[PDB]
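In what follows, a single structure is set out as structure tokens and then discussed.
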Amino acid sequence: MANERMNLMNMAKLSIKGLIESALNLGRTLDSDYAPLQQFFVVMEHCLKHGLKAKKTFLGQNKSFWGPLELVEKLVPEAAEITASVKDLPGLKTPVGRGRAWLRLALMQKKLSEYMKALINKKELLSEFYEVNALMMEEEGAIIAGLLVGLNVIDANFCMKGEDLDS
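In terms of PDB author numbering, the sequence shown is residues 83 to 249.
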């Protein structure tokens, strides 16, 4: 068990570290077309998927790692803005689809590293979604969360929607 967690950690390190080193020289606002960037998320998702439980949702909708993020707002003000955007965003059905988009917003706000730290420091509630020996409940959680700082300097900008029918 302890092995599976370490795998993701080191895997996340390269993601961040590399992504930063790749963004440094690049010197320009990144977008949803940068392979290294998209690579980061995938890794992140697997980290947030390690240790999940069953869906307690009344409507029986397994939110996966979405739920664990729905708590972020109830910990940091700046989160209640993006955690709402995804919702008021049509075309985005699947819960995981919301979480993936959420991260992108937390990435733009450069508050990602912050939020994550908030969760780990609240294993009192973060235990509802994750097991007792989950990644987000272990050292790796804090470690990676403390490393996501180097990403604050990154200037991303993803596309969510756009209208032009109204005059």
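The beta carbon of each residue, even a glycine, is placed where N, CA and C say it ideally should be.
key: Local Cβ density within 10 Å of residue 140, reported as buried at 16 or more and exposed below that   = Within the sequence shown, the letter at position 58 stands for residue 140. Per the 10 Å Cβ criterion, exposed.
query = Does the separation of the CB atoms of residue 186 and residue 240 fall below 8 Å?
reply = The residue labelled residue 186 in the question sits at position 104 within the sequence shown. The residue labelled residue 240 in the question sits at position 158 within the sequence shown. Against a cut-off of 8 Å, the Cβ pair of residue 240 and residue 186 comes out as a contact.
ask   = Exposed or buried, which one is residue 198 when buried takes at least 16 other CB atoms within 10 Å?
value = If you number the sequence shown from 1, residue 198 lands on position 116. Per the 10 Å Cβ criterion, buried.
inquiry  = Considering only DSSP beta bridges, list what residue 212 is partnered with.
reply    = Sequence index remark: in the sequence shown, residue 212 carries index 130 (1-based). For residue 212, which the question treats as bridged, DSSP gives the partners 134.
query = Are the segment 230-239 and the segment 90-103 touching, with three or more C-beta to C-beta distances below 8 Å?
reply = yes
ask   = To which residues of the same chain is residue 155 closer than 7 Å at the C-beta, ignoring the five residues directly before and after it?
value = Taking the first residue of the sequence shown as position 1, residue 155 is located at position 73. Within the same chain, residue 155 has close Cβ partners 161, 162 and 165.
key: Three-pair Cβ contact test at 8 Å for the segment 116-126 versus the segment 241-248   = no
ask   = Residue range of the alpha helix (DSSP H) that residue 107 falls in?
value = If you number the sequence shown from 1, residue 107 lands on position 25. 84-108 is the extent of the alpha helix (DSSP H) around residue 107.
query = Using the rule of at least 16 other Cβ atoms within 10 Å of the residue's Cβ for burial, across every protein chain shown, is residue 106 buried or exposed?
reply = What you label residue 106 is simply residue 24 of the sequence shown in a count that begins at 1. So residue 106 ends up on the exposed side.
key: Neighbourhood of residue 135 by C-beta, 8 Å cutoff - its chain only, sequence neighbours within 5 removed   = Counted from its first residue, the sequence shown places residue 135 at position 53. Correct list, in chain order: 210, 211, 212 and 213.
ask   = Which of helix, strand or coil does DSSP assign to residue 231?
value = If you number the sequence shown from 1, residue 231 lands on position 149. Helix at residue 231.
ask   = Looking only at C-alpha atoms, which of 157, 183 and 169 sits nearest to residue 207?
value = Stepping through the sequence shown from its first residue, residue 207 is reached at position 125. Taking only the C-alpha atoms, the option nearest residue 207 is 157.
task = Could you tell me the distance, in whole angstroms, from the CA atom of residue 200 to the CA atom of residue 108?
result = Against the sequence shown, residue 200 aligns to sequence position 118. Against the sequence shown, residue 108 aligns to sequence position 26. Near 30 Å, if we compare the C-alpha coordinates of residue 108 and residue 200.
task = Report the three-state DSSP secondary structure of residue 160 (helix, strand or coil).
result = The residue you call residue 160 lines up with position 78 of the sequence shown. Three-state DSSP puts residue 160 in coil, outside helix and strand.
key: Buried or exposed by the 16-neighbour rule on C-beta atoms within 10 Å, applied to residue 221   = For the purposes of this step, residue 221 is taken as residue 139 along the sequence shown, with counting starting at 1. Burial call: exposed.
key: residue 177 - containing alpha helix (DSSP H), residue span   = Residue numbering aside, residue 177 sits at position 95 when the sequence shown is read from its first letter. Run containing residue 177: 177-190, per the alpha helix (DSSP H) assignment.
Exposure of residue 145, with buried meaning 16 or more beta-carbon neighbours within 10 Å = Counting from 1 along the sequence shown, the entry for residue 145 is found at position 63. Buried, by the Cβ-count rule.
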